[PDB]
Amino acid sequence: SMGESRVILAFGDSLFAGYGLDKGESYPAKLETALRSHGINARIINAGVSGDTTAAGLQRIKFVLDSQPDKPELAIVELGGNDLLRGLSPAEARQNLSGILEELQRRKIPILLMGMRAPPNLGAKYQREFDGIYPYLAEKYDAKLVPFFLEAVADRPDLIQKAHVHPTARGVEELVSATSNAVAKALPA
């Protein structure tokens, strides 16, 4: 094929950084290779930062864009999962994401928004509120939306790394039942 590669900014968190994976296994790296089959030679900027909240992304979006030798021709924005994990305000996540999209729009960079979904442990009120910020933002900023970025691994625990283990409340009781004998015996009489 003729010509320089198309530049795509992958702006996200651990899901773009490739946390826990080897060289070239991250989503941006594998997406770059897959686009060849769509007739596209891309150079995907991996701007994934593990642990980034929406506020962290807002804090660095201008710096990341100003650091580019080639202006992105598409920006993929994948943030909010860490706000979820921390139980942070969905309204503030929406505000922070708005600031990121406003900067991209200011520079006339097309946007693809990766939709994030809350797990049920936050409760239905929180989950509905969080989930709704992504279609709202995509409409407001004329961005394309992948409604559920992680949909393809949603029912595939065999495709997810064994990482953090946060017992449920019932899981805690399980651990207490298994370890209280050891604690009682370690406590001097």
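In case it trips you up, residue 1 is the first one in the sequence shown, and so on.
When 15 to 23 is weighed against 176 to 184, 15 to 23 comes out higher, by mean CA B-factor as recorded in the entry. Higher average CA B factor: 160 to 168, of the stretches 160 to 168 and 139 to 147. The residue among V64, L31, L122, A152 whose C-alpha carries the highest B-factor in the deposited model is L122.
Residue-level inspection of the entry shows that, of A75, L84, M116, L101, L84 has the top Cα B-factor.
Sort the modelled residues of the chain by CA B factor and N41 lands in the middle third. Compared with the other modelled residues of the chain, the Cα B-factor recorded for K108 ranks in the highest third.
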